[PDB]
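Below you will find one chain, with nothing else, as structure tokens; this is the form deposited in one PDB entry, and questions on how it binds or moves follow later.
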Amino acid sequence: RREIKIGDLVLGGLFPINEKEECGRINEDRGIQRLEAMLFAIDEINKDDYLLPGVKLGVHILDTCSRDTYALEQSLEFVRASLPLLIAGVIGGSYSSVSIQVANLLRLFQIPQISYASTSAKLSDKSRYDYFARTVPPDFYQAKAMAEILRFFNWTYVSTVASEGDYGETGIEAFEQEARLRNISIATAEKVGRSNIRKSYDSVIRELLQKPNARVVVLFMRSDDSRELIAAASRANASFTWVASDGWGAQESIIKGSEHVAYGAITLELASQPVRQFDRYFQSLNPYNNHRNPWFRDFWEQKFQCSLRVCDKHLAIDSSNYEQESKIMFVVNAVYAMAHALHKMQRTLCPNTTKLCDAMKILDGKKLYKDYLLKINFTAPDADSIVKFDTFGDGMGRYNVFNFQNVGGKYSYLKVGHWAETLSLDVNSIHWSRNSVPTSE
């Protein structure tokens, strides 16, 4: 159990820095990189003369270990005081089950919360999650997006595999409704997960195979389940055309060591433009300059398969081993959205000072969330670039459609489409099959 404690007002941070003894493997892109996007954002605001000057932001950043129980154990730190550092708002978590588990504790103490990745439609329930907001859309849209992809290609008989829990179940139920409207019948609907209600990944692949007419299999699954289902498929000589949600997205980790069985996959992911300034930041970090991050050496030891095999002192994060994670944009926006609301509240309460006046000493969370956090700023570095929340505190339903191919020896994810309110595709760009040399024996 490590942490990042640094400010006049402090922000809580929650990231899945670790994965599966249920913490033991670093999450390089969705963990380490995301954490550092919050650290970059806090340094940037703390230098911004126009946004929140005279009020320096500090942090309390904690690991969720990709589990809601761990996340809740961790979140007690942000509320121990109200039972030493006084947390204004919480940035995180990533995963919907975590974000839900945290929101349950944080609403009791009136702490605003902003997720940069939790897409579960369950979180749009403002009666229940009255202190939660997110820079991402609900999966009501992603399900409609995927349904529309099937409709376009006339995928009339498909199967579904979904993760149990707060992301997959809600996810696939919307898909099921969206499919029903577009005259799409589900061949087999299976569910995967830790509980004893669920079949094995090998049993699920068998249920998909025992339905030969369904070549397309829709996935509303987490990354761990996605990696496991793909492995079970490889272990069965099963070749399906996967259409997967952001849980899989454009991630190499899911497909690593099982490239052949996933070839021709169509994965979604939220529409984002890389924050170029952050590219310079991350790349500048190394295990000798970055002391503020307690997990950074474990990350560095992992990414480079060496010890601190011994690492080379001259090693660096660069274009040869790095590409900005798809949702980094959303991490920065979540930090900035929090910072803008605090600025609005201060300009009201303390108009004759930049500083945190007597009127803003005891923070009113209910006022901070409802009267302020529902703001409008142009995303910090054309028209759909403004950070805002709907009445339910959700972000905009905008997605990029990807295709898993072999460009010429190197496996990668190519953008083949987008979803705004309607769908668009570059059909000629998509590769549905592996370019495998014929066999003559």
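So that there is no doubt, residue numbering starts at 1 and follows the sequence shown.
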Do a third or more of the other compared entries leave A383 out of the model? yes
Among the other compared PDB entries, is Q273 dropped in a third or more? no
Between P381 and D382 - deposited residues without coordinates, as a size class: 4 to 9
How many residues that are in the deposited sequence but not in the model lie between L83 and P84: none, 1 to 3, 4 to 9, or 10 or more? 10 or more
Out of 367-375 and 254-262, which stretch has the higher average CA B-factor listed in the record? 254-262
143-151 or 100-108, whichever carries the higher mean Cα B-factor: 143-151
Which is it among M38, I61, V401, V55: the one with the largest CA B-factor in the entry? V55
Reading the B-factor column of the entry, which of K303, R309, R194, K191 has the highest value at its C-alpha atom? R309
Please say which third, lowest, middle or highest, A88 falls into when its CA temperature factor is compared across its chain. middle
Divide the modelled residues of the chain into thirds by Cα B-factor and specify which third, lowest, middle or highest, holds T391. middle
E228, C-alpha B-factor rank within chain (lowest, middle or highest third): middle
Where the record places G397 (Cα B-factor, split into thirds across the chain): middle
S239 CA temperature factor, ranked by third within the chain: highest
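A second form of this protein, the form deposited in another entry, is not displayed here; the remarks below concern that form.
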Where the C-alphas stop fitting one rigid part and start fitting the other between the shown form and the other one, you find the hinge. Which of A214, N293, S163, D139 is it? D139
